[PDB]
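Data first, discussion second: the structure below is written as C-alpha cells.
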Amino acid sequence: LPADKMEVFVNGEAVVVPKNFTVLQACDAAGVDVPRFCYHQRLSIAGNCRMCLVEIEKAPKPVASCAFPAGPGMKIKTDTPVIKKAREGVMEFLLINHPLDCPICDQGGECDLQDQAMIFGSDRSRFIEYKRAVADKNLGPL
Amino acid sequence: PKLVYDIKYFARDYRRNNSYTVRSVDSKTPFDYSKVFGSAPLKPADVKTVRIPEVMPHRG
Amino acid sequence: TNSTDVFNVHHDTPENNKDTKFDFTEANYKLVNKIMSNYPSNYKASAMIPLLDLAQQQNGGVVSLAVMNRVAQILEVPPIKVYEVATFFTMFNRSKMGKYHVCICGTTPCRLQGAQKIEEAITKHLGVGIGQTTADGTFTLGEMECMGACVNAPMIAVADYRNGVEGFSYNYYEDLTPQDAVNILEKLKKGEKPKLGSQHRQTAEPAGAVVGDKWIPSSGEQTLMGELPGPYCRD
Amino acid sequence: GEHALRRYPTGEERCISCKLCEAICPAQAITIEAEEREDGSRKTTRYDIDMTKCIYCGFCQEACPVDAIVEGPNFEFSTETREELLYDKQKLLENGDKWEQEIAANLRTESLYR
Amino acid sequence: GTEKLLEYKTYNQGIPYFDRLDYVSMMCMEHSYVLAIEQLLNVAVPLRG
Amino acid sequence: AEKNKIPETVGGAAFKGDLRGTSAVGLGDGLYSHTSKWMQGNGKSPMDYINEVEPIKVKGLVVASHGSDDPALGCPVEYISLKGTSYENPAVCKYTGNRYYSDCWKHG
Amino acid sequence: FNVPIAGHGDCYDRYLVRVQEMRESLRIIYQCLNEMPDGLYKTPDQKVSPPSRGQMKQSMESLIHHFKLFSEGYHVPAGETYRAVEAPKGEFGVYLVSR
Amino acid sequence: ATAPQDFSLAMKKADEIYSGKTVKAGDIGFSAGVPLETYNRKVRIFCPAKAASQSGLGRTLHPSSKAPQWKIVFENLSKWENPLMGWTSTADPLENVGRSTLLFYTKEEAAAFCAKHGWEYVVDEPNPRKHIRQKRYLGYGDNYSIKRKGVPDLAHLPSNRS
Amino acid sequence: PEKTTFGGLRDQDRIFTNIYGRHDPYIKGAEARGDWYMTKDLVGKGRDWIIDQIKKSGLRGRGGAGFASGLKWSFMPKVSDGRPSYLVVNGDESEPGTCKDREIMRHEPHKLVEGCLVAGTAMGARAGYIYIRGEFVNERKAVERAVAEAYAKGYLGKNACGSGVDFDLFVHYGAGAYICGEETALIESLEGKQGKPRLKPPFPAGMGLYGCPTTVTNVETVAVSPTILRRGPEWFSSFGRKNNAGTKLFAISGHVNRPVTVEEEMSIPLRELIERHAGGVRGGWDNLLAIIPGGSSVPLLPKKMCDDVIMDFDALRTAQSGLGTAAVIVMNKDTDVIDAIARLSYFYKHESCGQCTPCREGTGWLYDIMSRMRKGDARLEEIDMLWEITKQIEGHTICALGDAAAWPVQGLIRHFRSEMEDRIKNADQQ
Ligand SMILES: Cc1cc2nc3c(=O)[nH]c(=O)nc-3n(C[C@H](O)[C@H](O)[C@H](O)COP(=O)(O)O)c2cc1C
Ligand code: SF4
Ligand code: SF4
Ligand code: SF4
Ligand code: SF4
Ligand code: FES
Ligand code: FES
Ligand SMILES: [Zn+2]
C-alpha cells in the first residue's frame with residue numbers, strides 16, 4: 039500500500055488499488071467480472087442500468103459498482119445470492135419491453151443483452167402484457 | 061408446473077455450482093482395515109445388499 | 039384518452055415547423071432579463087424552465103420549435119437540452135392549445151369524492167373529451183395528477199392563455215359538484231370570472247364535504263377561532 | 116425428405132436470413148448470403164443447399180424461427196447428374212410452391228405436438 | 051475420421067455421428083453420448099423421457 | 021447507369037433516400053438489384069407480391085403482429101407503433117412485410 | 248427381467264442367448280408400455296434444451312435461448328467422463344473430455 | 024484471479040508434476056510425418072484483441088479469463104470462387120487448424136511448440152489495456168463538479184447588485 | 035403533552051396561526067402575529083447556537099424522510115473552501131394525498147422567509163432558493179411578494195435584520211413533476227437540466243447546486259424552525275412522544291364528514307384525529323375499509339390496525355407503514371380498494387422519470403397487472419407474482435420512487451388479499 043494505493047477485499051481476497059478507483063475498478067483488478075450495460079471506461083459514469091449491483095458489508099442495500107467509490111478496508115461481495123437474485127430481476131426488467139427481433143437483429147451473435155441473459159438471467163418469462171413501440175427516425179447515411 | 065410464475069435459475073443451477081476440493085495423502089498413516097472388514101459379514105445372516113437404483117435423478 | 043401531446047418527437051405542422059419565427063417582445067424581454075438575473079451568469083441555463091413558461095404564455099400556450107430554438111440561443115446551450123426539458127415536464131404543451139386549458143385531477147383522493155363524474159359532466163357539456171380541444175377552440179381538456187388540493191378533492195384548474203403574459207392566470211376551482219363544474223365552464227365561455235378557490239367554502243376550513251352531487255354542510259369543532267396569540271419571546 | 120423454402124400466403128418468402136440454419140447444419144450443407152432489399156427487408160440474395168452433403172437430420176427445420184425451411188414429403192428426387200443435386204434459392208422456392216398444401220397440412224398436424 | 055470430426059462440431063451437432071457409427075443399433079449408440087454430456091452438464095432427465 | 025448509381029432503398033420498410041446495405045455478390049456479373057442476384061427468370065418477384073398487398077386499418081397506437089393468424093405458426097409476436105402512420109405511409113412488419121396504419125393518434 | 252446364461256461358449260449357446268435376449272426385451276417393452284408416465288419429455292431447463300416453438304414465438308428470453316442454443320450451443324463444464332451402455336453388440340462407451 | 028477451484032486445479036497439477044524431455048529444435052517435426060513444406064510456412068503468435076461490439080473481457084488477456092488465449096496462426100493464402108456455385112475454394116491445408124485448435128495459455132508455450140516443430144514465429148504482444156478513467160470524469164461526483172463552468176459567480180446576488 | 039395521552043392541541047400551542055387565511059397573510063399581519071419579531075438576536079447568536087437548539091428540540095424532517103433536522107443541518111461545511119453554500123427550500127409539494135404545504139405558502143408566506151433566513155444562517159448559506167410547484171402560480175405570487183417586502187424592510191440582503199449576516203433569497207418554480215421533489219432531482223431541475231435524480235454516493239452536502247454544498251429542506255421544517263428558536267426547544271419537545279416531539283400539520287382527506295387541514299401534536303390516535311377534526315368517517319367508524327396514513331407512498335392500514343394506531347413515525351413503522359407526510363386518506367366500505375391502488379400505480383407510472391431500468395419498466399408492469407386485477411382478468415398466482423415484482427423493484431433503484439411505487443401494492447396484497455382473490459375467482463365463476 040504505497041501512499042496512494044489502498045487495500046480492498048473483493049470476495050475475501052486482498053487487492054491493492056489507488057484511492058481514485060471505484061468498486062467496479064477494484065473488482066476488475068481482482069479478476070471478478072461484474073455485469074455492465076451502461077458503464078464505459080472512456081465515458082462519464084451514468085449508473086442507470088443498475089446491472090452492476092454488488093454488496094458492501096457497510097451498506098444496507100446493494101450499490102452500483104461503477105459509481106460507488108472504493109474505500110480502505112472495504113469488503114466487496116459479487117457472488118452473494120441476493121446479488122444473483124438482483125441480477126436476474128434487473129435482467130427481467132430489461133427484457134420485458136425488448137422486441138423479439140433476435141433473428142432480424144444484426145447484433146445477433148454479438149449482443150451483450152443475450153449473453154448476459156444466458157449467464158446472469160433466468161431461462162423463462164412471466165410477462166404477458168403489451169410491449170412498448172417506438173417509431174424510428176433517420177440519423178444519417180451511416 | 062410451478063416454474064411458470066416463479067423464475068429462479070440460481071436456485072436451480074447445478075451446472076456451474078460444482079467444485080473440486082483438495083487433500084494430501086501420506087504413506088506414514090496406516091490404512092484403517094477395521095473399516096473395510098469390521099463391517100464385512102462373517103455369516104450368511106449378516107449379509108447386507110445394495111438395491112439397484114430404480115430411476116435416475118429428475119427435478120421432480 | 040391520451041393528452042394533447044401524443045408525440046415525443048417533432049411533428050411537422052403548418053403552424054409548427056422550422057421556418058416559423060418566435061422572438062420575445064420587448065416587455066417580455068425585460069421580464070427575461072429580470073428572470074435571468076436570479077441565477078449566476080456562468081450557470082445561465084438555470085433559467086430554462088422560467089423562460090419556457092414565459093414563452094409559452096406569450097405564444098398562446100404552445101411551446102413550438104421556434105420557441106425552443108430561441109430559448110436555446112438566448113441561453114447559449116445546444117438545442118437538444120431545451121428539447122429534452124420541454125419534453126420532460128408536463129406543463130409545457132408542444133401542440134396547439136385552445137383559449138382555455140381545463141385540467142381535471144384524476145388521482146386517488148379526488149377519485150374517491152367523485153372526480154370521475156366531474157369529468158363526465160364536463161366532457162358531456164363541452165362535447166369533445168380528454169386531450170381534445172373544443173370544436174370552437176375555447177377549451178382543451180386534460181387530465182393531470184395531484185394538484186395539491188386533496189382536502190378540496192373534486193377540483194379543476196383552468197389556464198387563461200388568451201391575453202398573454204400580461205393576462206395569464208392559472209386558477210383552481212375546488213369543492214365542485216358536476217353542475218358547479220358545468221356552471222364554471224359556462225361562465226368561462228361568457229368571459230365572466232368565476233369564484234376563485236372552492237365554491238362552497240373559502241379554504242380548507244371544517245365546513246363540510248361534497249357527497250355525490252350535493253354539498254353536505256357540517257360544521258363541528260373549529261380550532262383557530264378566537265384571538266391569535268401574537269408576539270412572544272423566550273427568556 | 117427433399118428440402119423446400121416456403122412463402123407466406125401473400126407470396127412473400129418467409130425467410131428472414133437469420134442464418135441460424137447454416138450455423139446448426141451438422142454437415143455444413145447450407146451457404147447463405149443476404150442483403151437489404153430495396154423495400155427494406157432482410158432477405159437472402161443466395162440460399163443453396165448441397166443435397167450430396169445433406170444428412171437429412173432436420174436440424175435446419177428445427178432452428179428456423181419462421182418455418183421458412185422445411186423438409187418436404189418427397190423422396191422421389193434422384194438425378195442423373197450431381198450438378199442438379201446442388202439446389203439454389205429458386206429451385207427450393209419452386210419445391211416449396213409444388214408441395215405447399217401437403218407441407219402446410221403436415222405442419223398443422225405437427226404443431227400440436229411441437 | 052469420426053473422432054477428429056467430432057472435435058470441430060458442437061455437442062448437439064455431433065449426435066448424428068453416433069447414429070451412423072452403428073447402423074444396426076442407432077439409439078444405443080447416441081444414448082451413451084447424450085448420457086456423458088448429461089453427466090458433465092449435471093442435467094436431470096424427466097421420467098417420461 | 022446502375023453501375024455508377026448509389027445503392028438506395030425505395031422506402032417501404034425503410035426511408036426514401038437511405039443507403040442500402042449491400043454485399044459484393046453479383047458485382048462482377050453486373051447485377052445490382054436484390055432479386056436479379058438470385059432470380060434469373062422474368063416472373064413475378066416476391067417483392068412484387070408484397071407490394072400488391074394493401075395496408076390494413078387498425079384501431080389503437082400499437083398492433084400485435086404474429087405474421088400468420090395462429091401465433092405459433094408464423095413470425096414471433098411484434099408490437100408496431102401506429103403513431104404518425106397513414107395509408108400512404110404505413111408501418112411495416114419486419115418479419116412478414118404486412119403494412120398497417122391507424123387514425124387514432126389524430127384523436128379519432 | 249432375467250439375464251440369459253449359457254456355459255459352453257460355442258456358437259449355438261450365443262445364438263440361444265440372443266433369442267432369449269429378444270424375449271427379455273419384449274418383457275421390458277411391455278413394462279414400459281404399461282408404466283409410461285405423463286409429463287415432460289425433455290428437461291425443463293432451457294439453458295441446455297431448446298424452448299418450444301410457441302414459447303420462442305411469445306417470450307423474449309425463450310427467443311434468446313433458442314438463438315444461442317441453435318448458434319453457439321450449451322457450454323459443458325470442464326471435466327472428463329466415460330459413460331457406457333449395454334448395446335446389443337456389447338458395451339459401447341464414450342470417453343468425453345471437456346475443457 | 025483468485026482460483027478456478029475446479030478440474031483446472033488437477034489440470035495445472037498434472038502440468039507441474041510432469042515434464043517433457045528436451046530435443047533439438049525441429050527434430051519432432053520429422054517425427055510428425057506431415058509434409059516438410061508445412062514448416063516453411065511462417066507463424067504469428069498473438070492474442071486476439073477485444074471485439075469493439077462487446078464489453079466482455081473473457082476473450083482478452085485479463086485476470087478474469089481462465090482459458091487459453093494465445094493462438095498460433097498461419098499466413099493467409101490464395102482463395103477463389105467455384106465456377107459452378109460460387110463457393111469459396113482453397114488449397115491451404117493449414118487454413119483453419121491454428122485458429123480453431125492451437126490455443127495456449129502463455130506466449131512461451133506457443134513459442135516452445137513452434138520451435139519444437141521448426142516453425143519460424145513472430146510473437147506479437149497485445150496492446151496493454153489499463154482501466155484508468157480520465158481526470159475530468161474520474162468519478163460520478165466529477166460529473167456535477169464546479170469544473171463544468173467554474174465556481175458560481177455571486178455578482179448576481181441582490182446585495183452585490185445593490 | 036402528557037406521557038399517557040396525547041391530543042387536543044390548544045390554540046396557544048399552534049405554530050401556524052393564519053393557516054385558514056382569516057387574516058392578512060402579508061407583512062402587516064405577520065408582524066402583528068409574531069413573525070420577524072427579534073430575528074436580529076436569534077440570527078446574531080451564531081450558527082452553532084441555532085444548531086444545538088434545533089438538535090435539542092428533536093425536530094425531525096417533514097416531507098417523508100423523518101431524518102433529524104439538526105444533524106442534517108450540522109452536516110453542512112463550516113468553513114468555505116472557495117465554494118459558496120446554498121439553501122434550497124422544497125416547496126414542490128407533489129404527493130397524491132398532501133395539501134398542507136400550499137396553505138403555508140399562500141397564507142403564511144413570511145414565516146417561510148424568516149425560516150429561510152434562520153436556517154441559511156444556521157448552515158452558513160450565502161444564497162437561498164425557494165423551489166415552488168409550477169402549478170402553484172398564486173401561491174408563488176404570495177411568496178414572491180413576501181420576499182420583496184422582506185427585502186424592502188431590510189429583513190433580507192446584506193446586514194439582514196440588522197445582524198452582521200448576509201443572505202439573499204430567490205424564488206424558483208418548476209414546470210410540473212413529482213420527481214422534482216426529490217433532493218437531487220430538484221437540484222438538477224434548478225440547474226437547468228431534466229429533473230432526474232443523481233446517484234447518492236456523492237451527497238448534496240458535499241456537492242450540490244452548481245457543484246457547491248447545498249441542503250434541501252421542506253417548507254414546514256423551515257417555517258417551524260424560527261418559532262422553535264423563539265418559543266423554545268423544550269416547548270417543542272413537550273407535545274409528542276420520545277424521539278417524536280413536535281406538532282405536525284395533518285391533512286385529512288377522503289370519505290370524511292369534513293375534510294380539513296389541521297395542526298395537531300404528533301402521537302394523536304388516528305381515530306381521535308378523524309373523529310374530532312374530520313367529523314368522523316362518512317357513515318360512521320363502522321364504515322371503514324382502509325386508511326392510507328402518510329400519503330400514497332406509504333402502505334395502507336386496515337380498519338383493525340386503525341383502531342389502535344397512533345399518529346407517529348416509529349409506530350406507523352411498527353404497523354408496516356409510515357408517516358411520510360401527514361396526509362391521511364380515508365376509504366369507506368363502498369370504496370373499491372383495488373381501483374384506488376391501481377390509480378396510485380398509474381400515478382407512479384406517470385411520474386417515473388425513466389432513468390433507471392427497474393423503476394422505468396417495473397412500474398408500468400405493476401400498473402398493467404393492477405389494471406388486470408381491477409377486472410379479475412388475472413389468475414390467482416398473479417398476486418404472488420406481483421409481490422415478487424414489488425420485491426424486485428425495491429432497493430435496486432436510484433431514488434425512492436421505486437420504493438414508493440412498490441409499497442401501496444404490497445400493502446394491498448398484505449392486508450386485502452381476500453378481496454383480490456374474490457374478484458379473480460368471481461370473474462371466472464361468472
Ligand atoms: C420521488 C420523491 C418525491 C418527493 N417529493 C417531495 C415533495 O414533494 N416535497 C417534499 O418536501 N419532499 C419530497 N421528497 C423527499 C425529499 O427527500 C425532500 O427533499 C427531503 O426529504 C426534505 O428533507 P426534510 O425532511 O429535512 O425536510 C420526495 C422524495 C422522493 C423520493
Ligand atoms: S440480438 Fe440482442 S439487441 Fe438484437 S433483438 Fe436480440 S436481444 Fe435484442
Ligand atoms: S437437414 Fe440437417 S444436414 Fe440437411 S440442410 Fe438441414 S440442417 Fe443441414
Ligand atoms: S431458412 Fe429459416 S433458419 Fe435458414 S436463414 Fe432462413 S429464416 Fe433463418
Ligand atoms: S426510481 Fe424511477 S424516478 Fe427514481 S431515478 Fe429510477 S426511474 Fe427515475
Ligand atoms: S454499469 Fe450500469 S449501473 Fe453501473
Ligand atoms: S389528488 Fe387531486 S389535488 Fe391531490
Ligand atoms: Zn407480423
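Residue numbers (PDB author numbering), protein chains in the order written: chain A, 39 to 180; chain B, 61 to 120; chain C, 39 to 273; chain D, 116 to 229; chain E, 51 to 99; chain F, 21 to 128; chain G, 248 to 346; chain H, 24 to 185; chain I, 35 to 464. Ideal placement from N, C-alpha and C gives every residue a C-beta, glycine not left out.
Query                                                                                                                                                                                           : Result
What are the residues that DSSP puts in a beta bridge with D:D163?                                                                                                                              : D:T146
Excluding the 5 residues flanking residue 171 of chain B on each side, which residues of the same chain have their C-beta closer than 8 Å to its C-beta?                                        : The structure shown has nothing for residue 171 of chain B, since chain B only spans 61 to 120.
Suppose only complete runs of 4+ residues qualify. What are the alpha helix (DSSP H) ranges in the stretch 77–159 of chain I, listed by chain order?                                            : 81–91, 103–108, 134–141 and 143–157
For the stretch 271–288 of chain I and the stretch 300–310 of chain I, state whether three or more C-beta atom pairs, one from each stretch, are separated by less than 8 Å.                    : yes
Give me the residue from I:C133, I:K383, I:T218 and I:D86 with the minimum Cα distance to I:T249.                                                                                               : I:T218
Near I:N291, which residues of its chain fall below 8 Å by C-beta distance, leaving aside the five closest residues on each side in sequence?                                                   : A312, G313, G314, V315 and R316
Using a cut-off of 7 Å between C-beta atoms, extract the partners of F:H54 located in chain D.                                                                                                  : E150, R152, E153, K158 and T160
Which runs of the alpha helix (DSSP H) spanning at least 4 residues fall entirely within the stretch 202–241 of chain C, listed in chain order?                                                 : 216–228
Is it the case that the CB of I:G215 approaches a heavy atom of ligand 1 more closely than 7 Å?                                                                                                 : yes
Name the chain A residues that come within less than 7 Å of G:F317, Cβ to Cβ?                                                                                                                   : Those within 7 Å of G:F317 in chain A number zero; the least Cβ separation is about 10 Å.
Taking the alpha-carbon positions, what's the E:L85 to E:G64 distance?                                                                                                                          : 14 Å
Specify whether the stretch 197–215 of chain D and the stretch 161–170 of chain D touch according to this definition: at least 3 beta carbon pairs, one from each stretch, less than 8 Å apart. : yes
Going along chain A in order, which residues have a C-beta closer than 7 Å to the C-beta of B:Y80?                                                                                              : Residues of chain A passing the Cβ test: none, with the nearest at roughly 17 Å.
From C:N209 to I:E216, what does the alpha carbon distance come to, in whole angstroms?                                                                                                         : 26 Å
Once you ignore the five residues that flank I:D437 on each side, which residues in its own chain have a CB closer than 6 Å to its CB?                                                          : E428
Does DSSP put H:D147 in a helix, in a strand, or in coil?                                                                                                                                       : strand
What are the residues that DSSP puts in a beta bridge with B:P101?                                                                                                                              : Looking at the DSSP assignment, B:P101 forms no beta bridge with any residue, so it has no partner.
Expressed to the nearest angstrom, what Euclidean distance is found between the alpha-carbon atoms of G:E308 and H:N150?                                                                        : 36 Å
When you measure from the CB of I:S386 to every non-hydrogen atom of ligand 5, does any distance come out below 7 Å?                                                                            : yes
According to the Cβ coordinates, are F:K79 and F:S122 closer than 8 Å?                                                                                                                          : yes
Please decide whether B:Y69 counts as near chain A, where near means a Cβ-Cβ distance under 8 Å.                                                                                                : yes
D:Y171 and D:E191: beta carbons closer than 8 Å?                                                                                                                                                : no
Can you tell me whether DSSP reads G:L343 as helix, strand or coil?                                                                                                                             : strand
Can at least three beta-carbon pairs, one atom from the stretch 220–237 of chain I and one from the stretch 100–112 of chain C, be found at a separation below 8 Å?                             : no
With distance defined between alpha-carbon atoms, name the residue in I:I432, I:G396 and I:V296 nearest to I:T51.                                                                               : I:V296
Sort I:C393, I:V152 and I:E129 by Cα distance to I:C195 and report the nearest one.                                                                                                             : I:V152
Which of the three DSSP states is assigned to H:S76 in this structure?                                                                                                                          : coil
List, in order along the chain, the chain C residues whose C-beta lies closer than 8 Å to that of H:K170?                                                                                       : Ordered by position in chain C, no residue passes the 8 Å Cβ test against H:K170, which lies about 12 Å from the chain.
Output, in chain order, the set of chain A residues within a Cβ distance shorter than 7 Å of F:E98.                                                                                             : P137 and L138
Could you work out which residue in A:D150, A:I157, A:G127 and A:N58 is closest to H:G164 when comparing CA atoms only?                                                                         : A:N58
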